[PDB]
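This report concerns only the one structure given below.
No lab work stands behind these numbers, since they all come straight from the coordinates. Cβ placement follows ideal geometry from the backbone for every residue including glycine, while neighbour counts extend to all protein chains displayed.
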Amino acid sequence: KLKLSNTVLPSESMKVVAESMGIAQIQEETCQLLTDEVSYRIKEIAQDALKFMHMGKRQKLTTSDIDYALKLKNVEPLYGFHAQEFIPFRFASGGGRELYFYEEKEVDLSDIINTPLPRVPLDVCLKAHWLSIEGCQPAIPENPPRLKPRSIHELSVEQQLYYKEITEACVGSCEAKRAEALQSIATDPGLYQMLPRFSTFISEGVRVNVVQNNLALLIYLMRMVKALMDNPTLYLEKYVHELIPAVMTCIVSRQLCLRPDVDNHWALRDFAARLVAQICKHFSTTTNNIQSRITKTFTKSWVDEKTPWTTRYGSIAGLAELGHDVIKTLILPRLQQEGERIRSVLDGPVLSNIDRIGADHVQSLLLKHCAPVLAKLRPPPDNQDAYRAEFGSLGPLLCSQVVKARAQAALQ
Amino acid sequence: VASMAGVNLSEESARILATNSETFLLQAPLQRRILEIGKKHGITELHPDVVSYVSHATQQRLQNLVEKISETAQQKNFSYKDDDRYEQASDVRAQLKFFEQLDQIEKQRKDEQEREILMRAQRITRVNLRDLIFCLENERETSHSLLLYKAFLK
Amino acid sequence: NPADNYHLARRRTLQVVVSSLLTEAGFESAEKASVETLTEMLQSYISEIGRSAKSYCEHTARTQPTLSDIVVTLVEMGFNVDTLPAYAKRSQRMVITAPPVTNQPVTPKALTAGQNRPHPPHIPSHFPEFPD
Amino acid sequence: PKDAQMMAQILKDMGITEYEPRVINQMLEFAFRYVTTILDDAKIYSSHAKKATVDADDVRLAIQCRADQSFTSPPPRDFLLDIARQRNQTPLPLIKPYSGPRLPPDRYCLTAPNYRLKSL
Amino acid sequence: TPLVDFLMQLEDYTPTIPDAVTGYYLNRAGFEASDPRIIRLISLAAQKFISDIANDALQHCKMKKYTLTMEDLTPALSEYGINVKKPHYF
Amino acid sequence: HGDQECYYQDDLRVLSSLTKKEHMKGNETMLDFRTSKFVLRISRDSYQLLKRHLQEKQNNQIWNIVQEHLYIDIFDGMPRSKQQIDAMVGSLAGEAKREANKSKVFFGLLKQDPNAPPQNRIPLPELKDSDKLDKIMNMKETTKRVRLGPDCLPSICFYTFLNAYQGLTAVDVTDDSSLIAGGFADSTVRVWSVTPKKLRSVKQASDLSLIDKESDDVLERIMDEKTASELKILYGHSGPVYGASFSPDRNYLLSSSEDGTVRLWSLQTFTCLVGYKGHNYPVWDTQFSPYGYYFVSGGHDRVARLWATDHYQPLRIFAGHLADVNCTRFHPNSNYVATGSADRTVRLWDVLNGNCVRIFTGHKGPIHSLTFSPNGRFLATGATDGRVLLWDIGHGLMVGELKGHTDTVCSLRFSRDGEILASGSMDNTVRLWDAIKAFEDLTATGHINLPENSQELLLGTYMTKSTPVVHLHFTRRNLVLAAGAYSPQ
């Protein structure tokens, strides 16, 4: 079965061209005579431009194939203009005209000058790799993809040794070892079918690693989670039910080790955990299961009276990094409670506890979020004392942060 | 002539000064020549001012081609080595001559081996066909033609 | 993106050159189809002195073209070459800086590995090592 | 568009599944260039015949006088087989044994001293 | 030798078109960058052609300055013997 | 049009466009189809039923068209099956006569072989002491050469072109895996050294005049170390370079392009030497002889020329094809030139007399790859239908059909022993075929019953990452090399 037809250009386009040139009152047989001649020349060239596509070993007819197909038929590749003498440009392609259907048809002559030129790409180089090693294709990134019998483990001993080396490197005794092991996790294609043992090693580790608050052990495990996530080959949402309560524990937990000093890292432990938490709510999303569940736990962490301030700071960070609208709809009705908590830490003399440090970190983070939440939905008018209607927390310094954001927008 | 700033006007006016800086067809056999091609169209007689107009048209066709091949036949007669504003950059012919001398040394070694085996037993410009071919593949007429295609084998 | 950029960097510089010459003339704000017309005549003009001055030098048995091969190439395009020393010494002229090159950032990271199985004797040492 | 949707059907009738978006835009630019040089020559031929209406014989003349110059073809089979048998009759020449790098005469090669201007 | 003198001056001259872009379209046609000054003369010749067309188009716009339209490029290239084409199909 | 066989859709589309007379008067492929005769090999058992339906006056008009436009070549035998007729038809003016495939072909190798031509048949060049020094280190590589077979499958080393935003259109590798050439769409040829030995030019003529010849080092003395790169770019084509061919002495790169010239680049000076202008049309392929003096170039003008690197004009014009000569391959004895083409025929041409001695029809698309067996007995051809057809050369008969590939098969090569044929196509796969089990049997019916055995002859299929396999090469120690630009597409 082949219902192949002969499609020509419409004749009602050929009369428009003729009467817009000075040739009026053309007959239909005169006009049909134009549209079978030019539709043959389009068919003659597109069949002849398909010879250059095949010879160049491409499957896409580029714009230069018609330039050589025209030159082959002794017609100038020039499309915009036609030179009767032909001496200024003799069968020289000018690369066509960059024109569109949805174009503006008028531009300003200094708009084209002030735009940045595109980056010239890298030159052609010759790299060698292996398609086949004695018959077997390697999984390198240059390649696409009555007694019952004594059973064998589903991992090989090379794979089991690889798992042991990667896990003993990912506990961060040496930093270059970690970084390679993290890149190895980030791009091994065959790291599926080992992923249960990695997820179990992460989950089990954080839970017996918060019994004594060992910050590096945790910072290395969170980097292992981040290296597990950006791997494109492996299927993760079968294992995310173990991954998510591990990161929530890094963010919402108390620190058993020295309260101050590494709290700077503790903020980053809560910074790395809140980053991977909102990346996990970005992926793996179905209706009303993952993002709303962690949002509900973060909000009941917040509205809980008389919290641990480490847990308070971590939950504040976690609710803060959830995106544009989440701080637009959630952080709004709670400024008075935040201010009252800050006032209590300030009044009570107790300085040797961690309450004061927790309060300062929470207030700074909340004030930065409130700044763009404001820069985003209102003009920057009355930036001096109008914020005193919102208990005067960040005030003019918040206004200065908004001004810095406006300067960054101007630079963009 | 229809174009006042025409681009082939400035070509053959600057080409002539480049050659300065270094037909009239027979009316009797032409008039029989036009009339025989006119039998295939029904053009039984011709106007008396046409057989001298085609002769003026054939002259300006070949004079536009004689001037064009003369400015490329004098392109090869420009010796750079007499001038000392120019510097030599790459002489492959001399390297080839040294290689040929080495090949001759190898041939002499072969001859010595054979002897041992025996013991044991006012510049004048000439226009080539290249200068005519070069002025055919550039112009639009006679670029894809059977007269240039056959000229590649003459 | 990069294959488009290979052609586009060199076309967009040609368009900026055209816009700058139009501004020098007196035109501010041109029609869009009139700019892609004139930068198509500009690319076809550089590509025609490329093909014809190479043809004039290789006709004289050479491989790289001198000045005497371009002043005969521009004559055969009708240029009147003598007016070019006066055009080069304008006071109105601009300079469009060349398209940015990704070659300067040619190589981010290069490294080697060990434990690869040895080469069999039908594979020389200069081929890549067997992987993990 | 109207005439651009017919251009995607001329390519699909020729089996061209994959093409750049600038391919349709410049085949329309060639088709417009081709019809405004047939009809431009058609009214030149109509003014030669002195008729105020450009009728179908004017377009029949302007097509076949533009196709006689523009769209050429490779040489025909009776021409290729005549120059073949004129060339294939000549026997192959023998080779000199130690001539060196085997090249044509030096006016047919690209090996000249290849000068350049002195920088000063 | 006026042009030989000009090409010798062309070292230390930066043209409006870069030599990385003029040299790209010369390498596309077989012309290889032996000497920068030769690339610069080719760039200046192309610039003069486009500039002359533009100036003729501006005289036409002033007769009918400001915006350059296809109906200004049409009589400007008509004395050059170049019939420019409207898009008419977009 | 719709009752025509599915393999004829392309010709049917060109015909649907052709409706006028003047449209066909400038096609030159349907102009040569109208004047030639379709050969139409039929059996005598079926021709008796045909002639008993045409010699009667009831159908004397369609009988008049048959005896005017169609040859009929009759063989005495069984009528062929439908899947055997499908294997050998597909060309325009196709399925040629057996009287063309009965000429004596010297398909043997040079140095007794009765199928070998004499050494003085074609005037081949001398073997120099530097060329005799090459074969001394060539047989040291043959010492480490592995026997491949269906068990010891070879290792494939893919040499991918990573950036390649100018489109790569031509690859060649030297006979020893030392250089890799790349023909690109930006009108450049780029030579890469793959051994750890940089590409050096020889010294200039002033530096060679001060040194002496007759020294043992000589070649070493001449090399310039000031010019030493891992990459040399060659400029001078005004169009995309489509052919690339090394000479067997590792000098003398050849390249052909869209501008109609074949160019001979030196690899000692890294400049262009000669531009061979015989075509006015895109030269789609070129190849040096395996002895390195002659070379054949096939172009869009439907001929293939034989050149000699000493004359500006060709020696032989092979002018029998009806479409573009896509491929041009020399025989291993260089007395015969195989030219595949776009009219779905492969033709062997004798270098003496320029005569077509074999016509191989049976492809459904334009032939985009040819290779010869190292015996010289067989010829593998690939085309856009994904079929690799194995032809005999002495019998002029196809001996097998390999139908594993999906898209255009653009590269074929046999092993150095002949044990494996490697096929690379646009489906980004390198398939390996058993080239010993495919030629286990060695007529007057002019055909053999092809076995439908492709599944048993596939030793393996290896998929490239988004990379069409443009070249396939076999190292002298039987290691597969392949080169292709990586196109993410």
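Can you work out which of the residues in region A:228-277 that are of a type in the set (A, V, I, L, M, F, W, C) and touching a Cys at 6+ places or on another chain (Cβ under 8 Å) is surrounded by the fewest Cβ atoms within 10 Å (Cβ to Cβ)?
Across region A:228-277, the extreme among qualifying residues is A:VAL240.
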Check: Just wondering, is there one or more residues in region C:1-12 that are within 7 Å of chain E (Cβ to nearest Cβ) and either buried (at least 22 other Cβ atoms within 10 Å of the Cβ) or in a loop (DSSP other than H, G, I, E, B) (or both)?
Finding: yes
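Out of all the residues in region F:33-43, is one or more in a helix (DSSP H, G or I) and basic (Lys, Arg)?
Checked against the condition, which is being in a helix (DSSP H, G or I) and basic (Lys, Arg), region F:33-43 yields at least one hit.
Residue by residue, here is whether (1) facing chain C (nearest Cβ under 7 Å); (2) out of contact with any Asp or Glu (no Cβ under 8 Å at 6 or more places or on another chain) holds:
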{"position": "E:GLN9", "(1), (2)": "no, yes"}
{"position": "E:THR14", "(1), (2)": "yes, yes"}
{"position": "E:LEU26", "(1), (2)": "yes, no"}
{"position": "E:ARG37", "(1), (2)": "no, no"}
{"position": "E:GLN47", "(1), (2)": "yes, yes"}
{"position": "E:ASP52", "(1), (2)": "no, yes"}
Margin query: Exactly one condition in (1) surrounded by fewer than 20 Cβ atoms within 10 Å (Cβ to Cβ); (2) closer than 22 Å to D:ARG116 by Cα; (3) not β-branched (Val, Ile, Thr) is false for C:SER55; which is it?
Written below: (1)
Note to self: List pairs: first residue in region B:136-154 and in a loop (DSSP other than H, G, I, E, B), second residue surrounded by 14 or more Cβ atoms within 10 Å (Cβ to Cβ) and acidic (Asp, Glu) anywhere in the structure, Cβ distance under 7 angstrom, at least six positions apart or on different chains.
What the structure shows: B:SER143/B:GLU137
Notebook entry, point to check: When region F:228-281 is examined, which residues are found to be more than 14 Å from chain E (Cβ to nearest Cβ), part of a loop (DSSP other than H, G, I, E, B) and of a type in the set (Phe, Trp, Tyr)?
Noted result: F:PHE246, F:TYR252, F:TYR281
Margin query: So, in region A:69-115, exactly how many residues are within 43 Å of the chain's Cα centre (by Cα), among the β-branched types (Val, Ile, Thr) and either within 7 Å of another protein chain (Cβ to nearest Cβ) or within 21 Å of E:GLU71 (Cβ to Cβ) (or both)?
Written below: 3
Note to self: If F:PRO374 satisfies all but one of (1) outside any strand (DSSP E or B); (2) within 27 Å of D:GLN86 (Cβ to Cβ), what's the number of the condition it fails?
What the structure shows: (2)
Checklist line | Which numbered condition F:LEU54 misses (of (1) surrounded by 12 or more Cβ atoms within 10 Å (Cβ to Cβ); (2) assigned to a helix (DSSP H, G or I)) | finding: (2)
Check: Taking region A:87-118 as the region of interest, how many residues are more than 16 Å from D:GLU29 (Cα to Cα) and crowded, with 19+ Cβ neighbours inside 10 Å?
Finding: 10
Next item on the list: For F:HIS1, work out the one condition from (1) surrounded by 16 or more Cβ atoms within 10 Å (Cβ to Cβ); (2) touching a helix residue (DSSP H, G or I) at 6+ places or on another chain (Cβ under 7 Å) it doesn't fulfil.
Entry: (1)
Note to self: Just checking, does region F:402-412 include any residue being more than 28 Å from F:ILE180 (Cα to Cα) and in a strand (DSSP E or B)?
What the structure shows: yes
Note to self: Just to be sure I understand the filter: pairs with C-beta atoms under 6 Å, separated by 6 or more residues or on different chains, first member in region A:86-108 and under 12 Å from A:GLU76 (Cα atoms), second member of a type in the set (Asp, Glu). Which pairs pass?
What the structure shows: A:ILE87/B:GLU11; A:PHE89/C:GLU48; A:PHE91/A:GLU76; A:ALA92/C:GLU48; A:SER93/A:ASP67; A:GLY94/C:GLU40
Item checked: Search result, residues across region B:121-135 that are assigned to a loop (DSSP other than H, G, I, E, B) and either among the aliphatic types (A, V, I, L, M) or in contact with a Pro (Cβ under 9 Å, 6 or more places away or on another chain) (or both) -> B:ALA121, B:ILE124, B:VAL127
Check: Could we say that F:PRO451 is within 14 Å of another protein chain (Cβ to nearest Cβ) and either assigned to a loop (DSSP other than H, G, I, E, B) or of a type in the set (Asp, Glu) (or both) here?
Finding: no
Note to self: Can you pull out every residue in region B:43-84 that is surrounded by 15 or more Cβ atoms within 10 Å (Cβ to Cβ), outside any helix (DSSP H, G or I) and within 14 Å of chain D (Cβ to nearest Cβ)?
What the structure shows: B:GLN75, B:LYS76, B:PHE78, B:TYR80
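Pick from region F:127-139 the residues that are loosely packed, with under 15 Cβ neighbours inside 10 Å, of a type in the set (D, E, K, R) and more than 26 Å from the chain's Cα centre (by Cα): which of them is farthest from the other protein chains (Cβ to nearest Cβ)? Walk me through it before giving the result.
Filtering region F:127-139 for residues loosely packed, with under 15 Cβ neighbours inside 10 Å gives F:127, F:129-133, F:135-139.
Subsequent filtering for residues that are of a type in the set (D, E, K, R) retains F:129, F:131-132, F:135.
Adding the requirement that they be more than 26 Å from the chain's Cα centre (by Cα) leaves F:129, F:132.
Values: F:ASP129: 7, F:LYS132: 12 Å.
Only one residue fits best here, namely F:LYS132.
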Next item on the list: Output the helices (runs of 4 or more DSSP H) that fall wholly within region D:5-120 and possess 1 or more residues being buried (at least 20 other Cβ atoms within 10 Å of the Cβ) and more than 7 Å from every other protein chain (Cβ to nearest Cβ), or say none.
Entry: D:21-49, D:56-64
Check: Has region F:387-402 got any residue that is over 28 Å from F:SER103 (Cα atoms) and not small (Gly, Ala, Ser)?
Finding: no
Check: Which one of these does A:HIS54 not meet: (1) out of contact with any helix residue (DSSP H, G or I) (no Cβ under 8 Å at 6 or more places or on another chain); (2) within 14 Å of chain C (Cβ to nearest Cβ); (3) assigned to a helix (DSSP H, G or I); (4) not aliphatic (A, V, I, L, M)?
Finding: (2)
Next item on the list: Go through region F:377-412 and count every residue that is surrounded by fewer than 21 Cβ atoms within 10 Å (Cβ to Cβ) and polar (S, T, N, Q).
Entry: 1
Check: Can F:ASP441 be described as crowded, with 20+ Cβ neighbours inside 10 Å and outside any strand (DSSP E or B)?
Finding: no
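Out of F:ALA116, F:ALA93, I need the residue that is of a type in the set (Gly, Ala, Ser), touching a helix residue (DSSP H, G or I) at 6+ places or on another chain (Cβ under 7 Å) and surrounded by 14 or more Cβ atoms within 10 Å (Cβ to Cβ). Which one?
On the way: F:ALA116 fails: touching a helix residue (DSSP H, G or I) at 6+ places or on another chain (Cβ under 7 Å).
Selected residue: F:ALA93, the only one of F:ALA116, F:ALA93 that is of a type in the set (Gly, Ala, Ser), touching a helix residue (DSSP H, G or I) at 6+ places or on another chain (Cβ under 7 Å) and surrounded by 14 or more Cβ atoms within 10 Å (Cβ to Cβ).
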Notebook entry, point to check: Scanning region F:187-227 for residues that are among the hydroxyl-bearing types (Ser, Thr, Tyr) and out of contact with any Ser or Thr (no Cβ under 9 Å at 6 or more places or on another chain), which turns out farthest from F:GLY239 (Cα to Cα)?
Noted result: F:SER215
Check: Out of all the residues in region A:17-31, which are more than 7 Å from chain D (Cβ to nearest Cβ) and either closer than 21 Å to F:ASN27 by Cα or surrounded by 15 or more Cβ atoms within 10 Å (Cβ to Cβ) (or both)?
Finding: A:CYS31
Margin query: Of the conditions (1) out of contact with any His (no Cβ under 7 Å at 6 or more places or on another chain); (2) surrounded by 11 or more Cβ atoms within 10 Å (Cβ to Cβ); (3) more than 9 Å from chain E (Cβ to nearest Cβ), C:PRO128 satisfies every one except a single condition; which number is it?
Written below: (1)
Margin query: Quick check on my filter: what residues within region F:344-392 are of a type in the set (A, V, I, L, M, F, W, C) and within 14 Å of chain D (Cβ to nearest Cβ)?
Written below: F:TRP349, F:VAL351, F:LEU352, F:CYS356, F:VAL357
Item checked: Residue count for region F:12-32, restricted to those that are touching a helix residue (DSSP H, G or I) at 6+ places or on another chain (Cβ under 9 Å) and more than 11 Å from chain A (Cβ to nearest Cβ) -> 5
